[PDB]
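This is what each chain is made of:
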Amino acid sequence: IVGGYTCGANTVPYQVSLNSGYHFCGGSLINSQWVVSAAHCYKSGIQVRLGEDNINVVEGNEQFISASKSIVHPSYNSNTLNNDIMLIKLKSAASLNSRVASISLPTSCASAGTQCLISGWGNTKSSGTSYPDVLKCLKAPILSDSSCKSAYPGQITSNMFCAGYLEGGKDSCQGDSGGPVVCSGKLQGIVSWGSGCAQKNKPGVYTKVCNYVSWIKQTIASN
Ligand SMILES: NC(=[NH2+])c1cc2cccnc2s1
Ligand SMILES: [Ca+2]
Ligand SMILES: [Mg+2]
């Protein structure tokens, strides 16, 4: 997250860190046994870490659970990143408490102009690399689809939306992939891609979760 702030320990209780010996992607807890992340974060051997704030210090509120199965969307295209969403089932159910909570799925899609909260442990520099140990947050609005499409011609599909600031300065970045975009208490997006980070006229692109609620509900009920 570039141009963001320190969230504060466990202020984003649904945020998860996917670890394969090191943190490589974020995700969101949707219920005690399931996590949603980005399909491009797929790896074999994932351990999900819940209740984290500093990912390099065991502070007492973490739950480390291995994944039993991962399901990448049937139509994920790694070349275009269309349908960049995946579900991860935990080996054991997590224990929900104040610090570990799940986030709700949307009933409808959010409108351009809606402010959201984006969080992650990704890079904090636009031209440079500095990875933080604690969770960073960024409040950003959903942008109109025309500003999204003019920034990325021929690359935006109806399963993606842009959020951020066209002036640059504030944005999600590498290491934030798979993490949450929560607007009005619902999970509306997943950090997916972009061009550099916090550059002018290159906002971040997010998977549009409201288009996958049926697939999510159906898949978790049958697995
Ligand atoms: N919001 C951005 N500028 C992002 C760029 C990338 C690049 C790779 C992975 N994730 C992201 S997010
Ligand atoms: Ca920790
Ligand atoms: Mg994240």
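What counts as what
- Residues numbered from 1 in each chain as written, not as in the entry; some residues may be left out.
- Chains lettered and ligands numbered in written order.
- Heavy atoms only, no water.
- Near = heavy atom within 4 Å.
- Polar contact = N/O pair within 3.5 Å; in protein donor to acceptor, adjacent residues only side chain to side chain.
- Helix = DSSP H or I, 4+ residues; strand = E, 2+ residues; numbered from the N terminus.
- Disulfide = S-S within 2.5 Å.
- UniProt positions renumbered as here; feature names shortened; annotations may be inferred.
- Buried < 20%, exposed > 50% of the residue type's maximum accessible area, 1.4 Å probe, protein only.
- Contact = heavy atoms within 4.5 Å.
- Core = buried A, V, L, I, M, F, W, Y, C linked by side-chain atoms within 4.5 Å.
- Pairing = 2+ DSSP bridges.
- Axes fitted to C-alpha atoms, helices over the stretch in contact; angles between N-to-C directions.
- Arc of directions from axis to C-beta.

Caption draft 1: Region of the structure containing the site of ligand 1. Inspection of the region around ligand 1 gives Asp171, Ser172, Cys173, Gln174, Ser177, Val191, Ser192, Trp193, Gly194, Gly196, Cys197 and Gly204 as its neighbouring residues. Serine 172 has a polar side-chain atom sitting 2.8 Å from a nitrogen atom of ligand 1. Here a nitrogen atom of ligand 1 sits 3.1 Å away from a polar atom, N or O, in the side chain of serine 177. Here the shell around ligand 1 takes three residues from strand β12 (residues 186–193), the largest share from any one element.

Caption draft 2: Geometry of the UniProt feature "disulfide bond" in the protein chain. Sulfur atoms of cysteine 25 and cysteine 41, annotated by UniProt as disulfide partners, sit 2.0 Å apart, under the 2.5 Å cut-off for a formed bond. Here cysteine 25, found in strand β3 (residues 23–31), pairs with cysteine 41, found in the loop between β4 (34–37) and β5 (47–50); they are 16 residues apart in sequence, far enough to count as distant. A single burial state applies to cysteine 25 and to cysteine 41, both of which are buried.

Caption draft 3: Up close: the environment of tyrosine 131. Tracing the backbone through its elements, the reader meets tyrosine 131 in the loop between β8 (115–120) and β9 (136–141). Judged by its relative accessible area of 44%, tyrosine 131 falls in the partly exposed class. Each C-alpha atom, one on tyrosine 131 and one on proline 153, is 31 Å from the other, the two residues being 22 residues apart in sequence. The residues contacting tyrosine 131, other than those within four sequence positions of it, are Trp121, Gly122, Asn123, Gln174 and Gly175.

Caption draft 4: Structural context of the nonpolar core. In this structure, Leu18, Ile30, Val48, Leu50, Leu87 and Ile216 are the most contacted members of the largest nonpolar core, which totals 41 residues. Looking at this core, the elements with two or more residues in it are β2 (15–19), β3, β4, β5, β6 (63–72), β7 (86–90), β12 and α2 (213–221). Residues contacting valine 48, with those up to four places away along its chain left out, are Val16, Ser17, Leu18, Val35, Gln63, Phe64, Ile65, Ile88 and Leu90.

Caption draft 5: Broad picture of the sheet that holds β2. In space, the six strands of this closed barrel follow the order β2-β3-β4-β7-β6-β5, with antiparallel pairing throughout. Each strand of the sheet is rotated relative to its neighbour by a mean of 40°, with strand direction disregarded. The sheet strands contacting α2 are β3, β4, β6 and β7, and the helix crosses β7 at an angle near 30°.

Caption draft 6: Layout of the side chain of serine 177. With respect to the helices and strands, the residue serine 177 is situated in the loop between β10 (160–163) and β11 (180–183). In this structure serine 177 comes out as buried when scored by relative accessible area, which is 11%. Of the polar contacts made by the side chain of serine 177, one reaches the side chain of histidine 40; its length is 2.8 Å. With sequence-adjacent residues up to four places away left out, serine 177 is seen in contact with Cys25, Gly26, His40, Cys41, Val191 and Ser192.

Caption draft 7: Region of interest: α2. Among the residues making up α2, those that are buried are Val213, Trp215, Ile216 and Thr219. Each buried residue of α2 lies within a common arc of 160° when the element is viewed along its axis, so the set occupies one face. In α2, those exposed residues whose orientation departs by more than 90 degrees from the buried face are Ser214, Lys217, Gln218 and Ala221. Taken together, the buried residues of α2 touch β3, β6 and β7.

Caption draft 8: How the structure looks around the UniProt feature "active site" in the protein chain. On the UniProt side, "active site" is annotated at positions that read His40, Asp84 and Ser177 here. A stretch of 138 residues holds the annotated residues, and the largest C-alpha distance among them is 10.3 Å, short enough that they meet in one place. Structurally, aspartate 84 is set in the loop between β6 and β7. Look past the residues within four positions of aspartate 84 in its chain and what remains in contact with it is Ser37, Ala38, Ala39, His40, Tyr76, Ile190, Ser192 and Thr207. At 2.8 Å, the side chain of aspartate 84 forms a polar contact with the backbone nitrogen of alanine 39.

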